[PDB]
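Note sheet for the following structure.
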Amino acid sequence: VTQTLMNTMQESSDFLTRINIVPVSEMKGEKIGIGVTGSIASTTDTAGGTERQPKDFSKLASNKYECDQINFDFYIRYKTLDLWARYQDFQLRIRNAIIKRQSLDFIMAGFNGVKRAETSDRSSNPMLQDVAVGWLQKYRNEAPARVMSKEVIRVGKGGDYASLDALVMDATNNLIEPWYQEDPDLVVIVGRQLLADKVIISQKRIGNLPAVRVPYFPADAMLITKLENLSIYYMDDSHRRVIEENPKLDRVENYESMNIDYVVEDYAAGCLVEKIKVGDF
Amino acid sequence: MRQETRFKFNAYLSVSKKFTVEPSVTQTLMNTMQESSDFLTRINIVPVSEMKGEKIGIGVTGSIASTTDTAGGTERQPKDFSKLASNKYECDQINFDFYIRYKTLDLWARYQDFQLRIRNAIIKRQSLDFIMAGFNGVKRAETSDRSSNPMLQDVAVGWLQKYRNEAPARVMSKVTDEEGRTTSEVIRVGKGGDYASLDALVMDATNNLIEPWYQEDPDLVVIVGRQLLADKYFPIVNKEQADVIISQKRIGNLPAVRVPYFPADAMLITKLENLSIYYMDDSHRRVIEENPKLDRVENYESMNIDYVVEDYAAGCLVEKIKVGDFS
Amino acid sequence: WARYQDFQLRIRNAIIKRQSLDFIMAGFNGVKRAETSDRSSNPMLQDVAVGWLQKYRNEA
Amino acid sequence: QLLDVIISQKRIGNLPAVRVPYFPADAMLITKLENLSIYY
Amino acid sequence: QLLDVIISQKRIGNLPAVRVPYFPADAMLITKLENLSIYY
Amino acid sequence: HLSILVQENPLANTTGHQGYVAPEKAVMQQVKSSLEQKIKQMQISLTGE
Amino acid sequence: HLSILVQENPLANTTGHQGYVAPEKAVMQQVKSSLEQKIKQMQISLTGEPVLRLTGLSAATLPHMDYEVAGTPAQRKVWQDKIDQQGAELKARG
């Protein structure tokens, strides 16, 4: 029954409908990967000689994922539950509000989070870190070959580069894979503190490929990849939802929990750059 | 000349871009493979029905007109219509063969539409493999190992080695003197090297090496890898100031294309319909196997091909290109 | 050529293409009307007819 | 050199420039395109 | 000053700038356009 | 003038047919940058009558 | 620098909000024009030891462009191959 809820949630937002989200029936295993492997062809002197031995397919290097639980909590004061009940549109307003909050929450947690520390607090972590491991952290965590730090880069005049176009060119030439380097879906996504005049599809196109911004990002970074290499795996049937009408505090409570895990599929058809600042000398 | 040929010729007396013999199984697979990638679209994949013979002439021209005093004197001796430099191709087999582990297959079998995805994946895996093996691959050696040759340079002879061994004097790889047999090992291109820039290089190369017939032709391309293109176009964009020049990427007054895995230190100037691959009509043999000795389902597929560039005097390649300053 | 399909069309198109190219080649070249016209010592068609770039250089 | 048939966008002498397939590169001619003819 | 309702194309702080008819010119405020309201 | 006379030689421009900026513009941008850096790093002193 | 400090004053820009070019670019264009005029009207003399010693024009000799059979290295290689062919042929003679 969770599949229907997930489908409606993805259909609601317009950035989720571009990404793919899948249900997993098991807990921790092999990720679904149809990624292009290396060469497979060869020749063998079969007639009176050795044996034709095949080569592997979808070779695994490190593809272990363990879906963890997440949950959110409601608190609706009674003094408010009648206001929205007055204006002729109670149900639709409530439903749209809650689903939009949760949908944006997923994405906000996606591009952030650096650990899985239980008993999180919204005091020290406004952006919900400490909630899970996200893509932009999973990259740096294992195999940090697509991270660019070198000491901070300068897109200004007297820096290591001259304009962000040279930066994206060097990035898509040196770090991404060549067989993947030409694809009609290789898009760049850029934060807020970097755009000058160019989901929001922009008119111009840095490098030679289109640019787009999404509801959230880190402070100053950039991600060049396909819009299908990253995904979320949710447990098939683990979505619990209850509503408790306790008047001890004159309120209404709603508890809801699910089981998810973020993961990038190919991990070689994407690159990220961080610590980018517009500063000359 | 032959029975069917004489009949068809007598009938001739009294899409026009691709060749089809008859509806079969191998030809269909080759067509569906070609339709996948874009580079294979602009190339000729020809089915042939012989283990060894002569190559079909595509995109060959010449000067055939003349005038002779037939009135009391010499006679008219016609010139040959299609006589190339050397024309003898030899097709042979290559075979790719993989296996899927039981765990991964069991995982994939859950979500519907997995067979179609696997088919498309293996087709895409074969097309790029044809390309990568064709452009590399000096020589063919039985029992090809894949440890010290990761770029797949031991399957079969490639176009580059074809130019290297079949027709020299169309390849430049050293600057020499009448006394200095090797004055410089590599063709250095820089502010002080043997050339001003890549543009002058490709310009004088297309001026001298290739023949005057194809020299003046609306269809010529300079196939080059990815490293050299970026090395040329990076210092331009890395300036402060005219941003559309990245769209077409012309060098030496010639349109440029890039293909994956192309060797970084070489480039080849020629028309894109001059080089081609031939394949046997019915040799695509495929078998399955489900041995649990290593709990894996394997498959074996074999096809008989041969790469061939039609007219050697069409294009030329330069090798061992090194860019620097050379003070 | 006969093994494949529609070979007569290929032959017609190739021969017509060579014909059309050769007229232009002889157009901006050619300075004489010799009766032998050996295609060895004259790579471009230079001994087949008189051309525009020769009529200009000769008449006016 | 000194640059079917393709026309250059930038006029050299306020006149559009073209390139015919075969031509002695060291020379050039200014004229119309209907002025030439062949009679068969 | 310091520049119905008309929007300036060039964003000042990467944020689009607007001007409302009546406003104390020597001041300014950054906020959304739905955060304000009147209750009648 | 000597720098221009040197840069005009055909075996000087490392750039091909694309972006082959005239040597005048290049040397002018060079002198402009080298002068602007000095005018920016310096300051004004009041040791003049 | 003094000229810039003067031009930065508010009561300086003759042009209004349209075309209010920055004073830096204005004075830079001025100095560039007044310098290029001088560099164009002038010429280079020859009364200097390191310049009159061996420099000046390209060179002073007979063969510059007349033969240039080798020239570019590609043509050089073609001509060298043909010369080797001719030598292997003439080896039959004396």
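Read the figures in this text as sums done on the coordinates, not as results from a lab. Cβ placement follows ideal geometry from the backbone for every residue including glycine, while neighbour counts extend to all protein chains displayed.
In table form, for the structure just shown:
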read-out	value
Boolean, B:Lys322 is in a loop (DSSP other than H, G, I, E, B) and either at negative phi or under 22 Å from the mean Cα position of the chain (by Cα) (or both)	no
Lone unmet requirement of (1) closer than 22 Å to F:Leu11 by Cα; (2) of a type in the set (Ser, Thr, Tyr); (3) exposed (fewer than 11 other Cβ atoms within 10 Å of the Cβ) for G:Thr72	(3)
Cβ pairs under 7 Å, 6+ apart, first in region F:2-13 and on the phi > 0 side of the Ramachandran plot, second not aromatic (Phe, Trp, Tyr)	none
Top-ranked residue in region B:226-276 [being in contact with a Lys or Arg (Cβ under 6 Å, 6 or more places away or on another chain) and assigned to a loop (DSSP other than H, G, I, E, B); ranked as nearest to the other protein chains (Cβ to nearest Cβ)]	B:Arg226
Residues satisfying the stated conditions in region B:175-192, i.e. more than 9 Å from every other protein chain (Cβ to nearest Cβ), crowded, with 17+ Cβ neighbours inside 10 Å and closer than 14 Å to G:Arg76 by Cβ	B:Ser184
Given (1) assigned to a helix (DSSP H, G or I); (2) away from chain F (no Cβ under 14 Å); (3) within 28 Å of C:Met44 (Cα to Cα); (4) of a type in the set (A, V, I, L, M), index of the condition B:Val202 fails	(2)
Residues that are facing another protein chain (nearest Cβ under 7 Å), in a loop (DSSP other than H, G, I, E, B) and under 16 Å from D:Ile38 (Cβ atoms), drawn from region C:4-60	C:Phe28, C:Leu45, C:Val48
Boolean, B:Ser283 is polar (S, T, N, Q), more than 12 Å from every other protein chain (Cβ to nearest Cβ), assigned to a loop (DSSP other than H, G, I, E, B) and touching a strand residue (DSSP E or B) at 6+ places or on another chain (Cβ under 9 Å)	yes
Hey, C:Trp1 in contact with a helix residue (DSSP H, G or I) (Cβ under 9 Å, 6 or more places away or on another chain), facing chain B (nearest Cβ under 8 Å) and not acidic (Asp, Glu) or not	yes
Qualifying residue in region B:141-148 (condition: under 29 Å from B:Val224 (Cβ atoms), of a type in the set (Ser, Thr, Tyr) and within 7 Å of chain A (Cβ to nearest Cβ))	yes
Condition check for B:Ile223: of a type outside the set (D, E, K, R), closer than 25 Å to F:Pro10 by Cβ and surrounded by 13 or more Cβ atoms within 10 Å (Cβ to Cβ)	no
Residue within region G:37-44 that is among the aliphatic types (A, V, I, L, M) and not in a helix (DSSP H, G or I) present	yes
Residue tally, condition exposed (fewer than 15 other Cβ atoms within 10 Å of the Cβ) and under 25 Å from D:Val5 (Cα atoms), over region C:32-49	1
Number of positions in region E:5-19 that are in a loop (DSSP other than H, G, I, E, B) and either surrounded by 10 or more Cβ atoms within 10 Å (Cβ to Cβ) or at positive phi (or both)	4
Those residues of region B:282-317 which are closer than 23 Å to B:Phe130 by Cα and of a type in the set (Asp, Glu), in sequence order	B:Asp282, B:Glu298, B:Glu301, B:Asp306, B:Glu310, B:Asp311
In region B:115-132, residue nearest to B:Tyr300 (Cα to Cα) [restricted to those that are within 9 Å of chain A (Cβ to nearest Cβ) and among the hydrophobic types (A, V, I, L, M, F, W, C)]	B:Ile122
Contacts under 6 angstrom Cβ, first residue in region G:79-94 being within 20 Å of B:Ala169 (Cβ to Cβ), partner β-branched (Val, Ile, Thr) and outside any helix (DSSP H, G or I), 6 or more apart	G:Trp79/G:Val69
Wholly within region B:68-168, helices (runs of 4 or more DSSP H) carrying at least 3 residues that are closer than 29 Å to B:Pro47 by Cβ	B:115-135, B:159-166
Residue in region A:181-199 that is under 22 Å from the mean Cα position of the chain (by Cα), among the small types (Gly, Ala, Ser) and not in a strand (DSSP E or B) present	yes
Breaking point among (1) in contact with a helix residue (DSSP H, G or I) (Cβ under 7 Å, 6 or more places away or on another chain); (2) among the basic types (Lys, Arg); (3) closer than 22 Å to A:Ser25 by Cβ, for A:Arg241	(1)
Filtered residue count, region G:34-64, keeping only those that are small (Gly, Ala, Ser) and surrounded by 10 or more Cβ atoms within 10 Å (Cβ to Cβ)	2
Identity of the residue in region G:1-21, of a type outside the set (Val, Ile, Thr) and not in a loop (DSSP other than H, G, I, E, B), that ends up nearest to the chain's Cα centre (by Cα)	G:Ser3
Selected residue (criterion: surrounded by the most Cβ atoms within 10 Å (Cβ to Cβ)) from residues of region B:233-283 that are acidic (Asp, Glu) and closer than 20 Å to A:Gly207 by Cβ	B:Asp243
Options A:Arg77, A:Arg93, A:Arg86; residue that is basic (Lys, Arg) and in contact with a helix residue (DSSP H, G or I) (Cβ under 8 Å, 6 or more places away or on another chain)	A:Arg93
Some residue of region B:61-77 being farther than 30 Å from C:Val50 by Cα and either within 14 Å of chain C (Cβ to nearest Cβ) or not aromatic (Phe, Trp, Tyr) (or both)	no
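Per-residue answers, yes or no, for (1) of a type in the set (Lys, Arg); (2) over 29 Å from A:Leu128 (Cβ atoms):
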{"position": "A:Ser149", "(1), (2)": "no, no"}
{"position": "A:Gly158", "(1), (2)": "no, yes"}
{"position": "A:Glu182", "(1), (2)": "no, yes"}
{"position": "A:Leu194", "(1), (2)": "no, no"}
{"position": "A:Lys204", "(1), (2)": "yes, yes"}
{"position": "A:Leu209", "(1), (2)": "no, yes"}
{"position": "A:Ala219", "(1), (2)": "no, no"}
{"position": "A:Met222", "(1), (2)": "no, no"}
{"position": "A:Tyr233", "(1), (2)": "no, no"}
